[PDB]
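Colleague: Give me coordinates for this.
(chains A, B, C, D and E)
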Amino acid sequence: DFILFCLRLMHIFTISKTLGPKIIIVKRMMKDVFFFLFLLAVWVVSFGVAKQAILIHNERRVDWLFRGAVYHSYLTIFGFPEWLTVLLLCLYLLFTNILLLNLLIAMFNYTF
Amino acid sequence: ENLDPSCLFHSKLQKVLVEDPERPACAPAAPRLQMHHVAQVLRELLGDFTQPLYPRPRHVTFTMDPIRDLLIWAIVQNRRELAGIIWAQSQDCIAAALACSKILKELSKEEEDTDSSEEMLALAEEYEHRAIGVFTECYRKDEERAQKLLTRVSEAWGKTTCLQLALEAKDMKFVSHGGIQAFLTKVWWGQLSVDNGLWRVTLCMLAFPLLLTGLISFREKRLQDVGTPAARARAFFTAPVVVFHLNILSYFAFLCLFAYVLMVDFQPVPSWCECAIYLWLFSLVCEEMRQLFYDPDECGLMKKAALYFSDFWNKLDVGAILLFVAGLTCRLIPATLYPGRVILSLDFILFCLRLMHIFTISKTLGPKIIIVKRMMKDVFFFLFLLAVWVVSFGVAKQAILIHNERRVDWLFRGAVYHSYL
Amino acid sequence: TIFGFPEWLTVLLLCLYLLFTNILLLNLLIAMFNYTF
Amino acid sequence: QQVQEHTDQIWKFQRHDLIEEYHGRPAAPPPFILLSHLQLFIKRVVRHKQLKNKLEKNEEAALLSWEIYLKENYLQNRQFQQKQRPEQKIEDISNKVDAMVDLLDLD
Amino acid sequence: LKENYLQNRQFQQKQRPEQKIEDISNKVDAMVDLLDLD
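Modeller: Numbering: from 1, shown residues only, chains lettered A, B, ... in the order given. Take a look:
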C-alpha cells in the first residue's frame, strides 16, 4: 500500500509545461513494454533450463540446485571444457546481448 | 490470326501450335490455329488452378460474354488505349481487372526487352488501381452485400473466386484495402461477434457454463436470443480463434511436460511419459503431413512440397523432427545415454523457439518480427568482426604479461576467463 | 541495485525490479533526449 | 529506418493463409485429434462454402447489375476529377487561344 | 469584428492561384463567343 501511495506522486509533473507530454508518451509505451517482457522471460527461462539440464545429472534437490540455477540465470540476465564453455558463452553473447536490444531500438523508436 | 509478330505472345503461340501432335498428325505442311490452343497458352499464364476458358471441341454463334475475349486479345499485345475503352463496357469488372493485372505481371517477367517490360508493368499497376477504385465505391454503399463480391465463383474466368486472383498476382495494395481486412477479421471470429475482446474469450474458454450466461457476444440474433446451448457450444467451439487458443494451450502443456520429463524423468528404460510425448509428437507430425495432402485444385505435388519446404517455420519444424528422431535412436542405444540427453536438450531449445510464431497474429507485433528477421543478416556479420577483435586483444594481453608457458587448461583458460570478463 | 519457500518471493521481487527499472525510465530518456536533441 | 515504413502491407498480405489454415483445420487439440483423423480416414475409405460458393442465377443477376451501376458512377467521378487538374486546365486554356489567333489572323 | 474577418477571408480566398487560373479561363470564353458570333 505504501508503494501504491508513493506511485501517486508522479501526478505532479502533469502540471509542468514540458513534462506532461512525456507522461503521455510513457503511458503509450507501457502496452508493448509488457508484451516484450513476456517474450524475454520465456527466452531466459528456456536457456536457463537448458543450462541446468546439460551440465548436471538428474538431481531432486528442491531448493539447492533449482535455486542455484535460478541465481545463475538471474546473474546471466543482469548482464575438455574450453570448447563447450566457449560455445555456451558465445551463444549467450550472440543471442542476448544483441538482438532483443535491436528489437527494442526498433519498437521504441517507432512508438516514440 | 493477325497478332503483330513482334509480341512475346505470338512466339509462345507459335511454339504451342507447332508442339501440338494432332496437326502434324493431320498435315505437317498445314498448321491450323484453333481456339483451344489459345486457351492452352492462357492457362499457363493465368495459373494452373483455373479451367480452360475455351473448351476443346469433340449461322453465327457467340460464346458466353465476348467482351472478356476482346479484352484478353487487346491486353496481350500491350495496347493501352484499346483496353481502356473495352474495359469500360465489361460485365464483372473487378475480376476482369484482377485477371488482367495477373496476366501482365506474369508476361512482364520473361520478355527480355526493357522498355516494353516497363510499359507492361505500369499497365498492370494501373489495372490494379482500377479494381481498387471500383471496389471502394461498392463498399461505401453497402457493407455486407459487397463482401459477397470477394467470394463468388465467376464462370467467365475459369471458375475461380475474386480473392485468389488478388492473392496470386501479389496485388499488395488490393489486399490491404481495409474492407478486405474487415472480411478476414469477420472470418477469423467466425460465428460470434467481433467486438467482445480477447480476455472475455479466455474466461469463457476457462469456464464451460459461463457461455450459457449473458456475458458473451453473438451475431445473427436468432442464435443469440433463442438459446439452444448445445448449438451455442458448437458455434462457440467452431470458431477458429477458439481452436487457435486451445492449440496454443495444448502446445504449452506439451512443452512443460517435455521439460519435466527431460529434467528428472530421463531414464534408459522407457518410462510411460516418454511414450506420451512420443505419441504427442506423432500426432503433431500427423497433422503436419495431413496439411500437405489437402490440395483441392489439382496442383503440383512437387510444387506443394516446394512451397512447404521454402517456408521458414516449416523448415524449423522439420529440423526439430530430424533432431528428435536422431536423439531417440541415440537414447535407445544404452551406451549413448548422455549424447541422447544433450541432443534432446538442444531439441527442447528448438521446440521452444517455435513459440515466437504467436505474435504474428498480433496487430502491432508482426511488423517487429519482420524487422528482426531483416536485422539478423548484418547482426551475424558484425559478430564476426567483434569476435576477431576480442580474440586479437586477448592473445595480445596473454602474450605481453606472461612468459612462454605450455599449460593446456591453466593459463589458456585463465586468459579465456579474463577475456570473457 | 541502482548500479545495475523463498523461490517465488525472490523471483517476484527480482522480476518486479527487472520489469520497472531496466525498461521504462530508459524509454522515457530515449523519448525525451531524442526529442530535445 | 529503411524498412519500417511499409512492412505493414507485407503483414496484411501475410495474414490470409494463417486465417485459412485454421479455418480448414479440424477442431480438436493435438492429443485428442487422432479420432477425427481416423474419422477423416473413413471419408478416405468411403471445399467449404465460406470462402468459395456458387450463387443462384436470379440473385447473381441482381448483384451483377448493381456492380455495373456502381462502375458507371465511379467512371463519372474519375473523369470529372481528372478534368479539374490545373495542368489540364492550362492545356485547355492554351488550346483555346489558338482558335482566336487563327480567327483574328484569317479575316 | 466578425464583419472585418469576413472581408479579410474573402479577399484572401480571391488571391489563390487556382482561382486566378479559373477566372482567367472563364474570361476567355466570352471573347471566344464574341469573336465567333459577329
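Colleague: Residue B:171 against residue B:127, yeah?
Modeller: No: when contacts are counted by CB atoms under 8 Å, residue B:171 is not listed as touching residue B:127 (9.5 Å). Bear in mind the C-beta positions are built from the backbone N, C-alpha and C, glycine included.
Colleague: Overlap in contacts, the two.
Modeller: With contacts defined as CB atoms under 8 Å, 6 or more residues apart in numbering or on different chains, the residues shared by residue B:171 and residue B:127 are B:98, B:101.
Colleague: Residue numbers of chain A in contact with chain C?
Modeller: Counting by CB under 8 Å from any CB of the partner chain, the residues of chain A lying close to chain C are A:22, A:25-26, A:29-30, A:33, A:37, A:41, A:63, A:66-67, A:70, A:74, A:77-78, A:108-109, A:112.
Colleague: Just the buried residues of these.
Modeller: Buried members of these, scored by 16 or more other CB atoms under 10 Å in any protein chain shown, are A:22, A:25-26, A:29, A:33, A:70, A:74, A:77, A:108.
Colleague: got JSON lines for those, with distance to residue D:96 and secondary structure too?
Modeller: Output for these, formatted as JSON lines (distance: CB to CB, whole Å; DSSP: H, G, I helix; E, B strand; the rest coil):
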{"residue": "A:22", "distance to residue D:96": "59", "secondary structure": "helix"}
{"residue": "A:25", "distance to residue D:96": "56", "secondary structure": "helix"}
{"residue": "A:26", "distance to residue D:96": "61", "secondary structure": "helix"}
{"residue": "A:29", "distance to residue D:96": "59", "secondary structure": "helix"}
{"residue": "A:33", "distance to residue D:96": "64", "secondary structure": "helix"}
{"residue": "A:70", "distance to residue D:96": "85", "secondary structure": "helix"}
{"residue": "A:74", "distance to residue D:96": "82", "secondary structure": "helix"}
{"residue": "A:77", "distance to residue D:96": "77", "secondary structure": "helix"}
{"residue": "A:108", "distance to residue D:96": "58", "secondary structure": "helix"}
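Colleague: Can you lay out these as TSV showing distance to chain D?
Modeller: As requested, these are arranged in TSV below (distance: CB to the nearest CB, whole Å):
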residue	distance to chain D
A:22	23
A:25	18
A:26	21
A:29	17
A:33	19
A:70	31
A:74	33
A:77	28
A:108	12
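Colleague: now, among those residues, which is nearest to residue B:398?
Modeller: Taking CB to CB as the measure, residue B:398 lies nearest residue A:77 of those, at 29.8 Å.
Colleague: Which residue comes closest to that closest one once chain neighbours are left out?
Modeller: The shortest distance from residue A:77 to any non-neighbouring residue, by CB to CB, 6 or more residues apart in numbering or on different chains, is to residue A:44 (5.5 Å).
Colleague: where do the helices sit along chain A?
Modeller: Per DSSP state H, chain A carries helices over the ranges A:2-6, A:20-54, A:65-78, A:81-94, A:100-111.
Colleague: Same check on the stretch 251-400 of chain B?
Modeller: Secondary structure of the stretch 251-400 of chain B (DSSP state H, counting those that start in this stretch): helices at B:272-292, B:301-309, B:312-332, B:337-352, B:366-400.
Colleague: Which elements pack onto the shortest one?
Modeller: Read it as helix B:301-309. Packing partners of helix B:301-309 (3 or more CB pairs under 8 Å, 6 or more residues apart in numbering or on different chains; DSSP states H and E): helix B:272-292, helix B:312-332.
Colleague: For that helix, buried residues please.
Modeller: Under 16+ other CB under 10 Å, helix B:301-309 has no buried positions.
Colleague: Restricting to C-alpha, output it in CSV.
Modeller: Backbone C-alpha positions of helix B:301-309 (Å, rounded to 0.1, in the frame of the first residue of the first chain) are rendered in CSV as follows:
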residue,chain,number,x,y,z
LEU,B,301,2.5,-32.1,-55.6
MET,B,302,6.2,-31.2,-56.0
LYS,B,303,5.0,-27.6,-56.2
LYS,B,304,3.1,-28.0,-53.0
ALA,B,305,6.2,-29.6,-51.3
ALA,B,306,8.4,-26.8,-52.7
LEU,B,307,6.0,-24.3,-51.2
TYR,B,308,6.1,-26.1,-47.9
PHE,B,309,9.8,-26.6,-47.7
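Colleague: Would you mind getting the angle between it and helix B:272-292?
Modeller: Interaxial angle, helix B:301-309 versus helix B:272-292 (axes from the mean of the first three to the mean of the last three CA atoms, to 10 degrees): 130 degrees.
Colleague: want to try CSV for the helices of chain A, with distance to residue D:90 as columns?
Modeller: Listed next are the helices of chain A as CSV, based on distance: least, CB to CB, whole Å:
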stretch, distance to residue D:90
helix A:2-6, 68
helix A:20-54, 45
helix A:65-78, 67
helix A:81-94, 61
helix A:100-111, 42
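Colleague: where does the residue of chain D found nearest chain C land in three-state SS?
Modeller: Chain D approaches chain C most closely through residue D:1 (13.1 Å), counting by CB to the nearest CB. For residue D:1, the assignment made with DSSP: H, G, I helix; E, B strand; the rest coil gives coil.
Colleague: I'd like the distance between it and residue A:105.
Modeller: Here the distance between residue D:1 and residue A:105 works out to 11 Å (CB to CB, to the nearest Å).
Colleague: Might you report the residue contacts of the closest residue to residue B:175 other than its chain neighbours?
Modeller: Distance criterion CB to CB, 6+ apart; nearest residue to residue B:175, sequence neighbours excluded, is residue D:13 at 5.3 Å. By CB under 8 Å, 6+ apart, the contact list for residue D:13 reads B:170, B:172, B:175-176.
Colleague: Go through the residues you listed and give me the one with the most neighbours.
Modeller: Among the contacts of residue D:13, residue B:175 has the most neighbours (other CB atoms under 10 Å in any protein chain shown), with 20 neighbours.
Colleague: I figured that one hits residue B:167, correct?
Modeller: Yes: judged on CB under 8 Å, residue B:175 makes contact with residue B:167 at a distance of 7.1 Å.
Colleague: Need the overlap of contacts for those two.
Modeller: By the contact definition CB under 8 Å, 6+ apart, residue B:175 and residue B:167 are jointly contacted by residue D:16.
Colleague: Chain D contacts on chain A?
Modeller: Residues of chain A lying close to chain D by CB under 8 Å from any CB are A:106, A:110.
Colleague: Name the residue of chain A with the shortest distance to chain D.
Modeller: Distance from chain D to each residue of chain A (CB to the nearest CB) is smallest for residue A:110, at 6.1 Å.
Colleague: Identify the residues contacting the residue positioned nearest the centre of chain A.
Modeller: Nearest to the geometric centre of chain A sits residue A:40, at 5.6 Å (CA atoms, centre = their mean). The contact partners of residue A:40, taken as CB under 8 Å, 6+ apart, are residue A:100.
Colleague: can we see that at 10 Å?
Modeller: Residues in contact with residue A:40 (CB atoms under 10 Å, 6 or more residues apart in numbering or on different chains) are A:77, A:96, A:100, A:103-104, C:18, C:22-23.
Colleague: Out of those, which comes closest to residue D:78?
Modeller: Distances from residue D:78 to the contacts of residue A:40, taken by CB to CB, are shortest for residue A:103, at 43.4 Å.
Colleague: The closest one contacts residue B:370, correct?
Modeller: No: with contacts counted by CB atoms under 10 Å, residue A:103 stays clear of residue B:370, the gap being 11.2 Å.
Colleague: What is the neighbour count of the residue in chain A that chain E sits nearest to?
Modeller: Chain E sits closest to residue A:17 of chain A, with a gap of 30.7 Å, by CB to the nearest CB. The number of residues packed near residue A:17 is 6, by other CB under 10 Å.
Colleague: Can you name the residues of chain D sitting close to chain E?
Modeller: D:84, D:86, D:89-90, D:92-93, D:96-97, D:99-100, D:103-104, D:107 (CB under 10 Å from any CB of the partner chain).
Colleague: switch to 7 Å and redo it
Modeller: Within chain D, the residues that sit near chain E (CB under 7 Å from any CB of the partner chain) are D:86, D:89-90, D:93, D:96-97, D:100, D:103.
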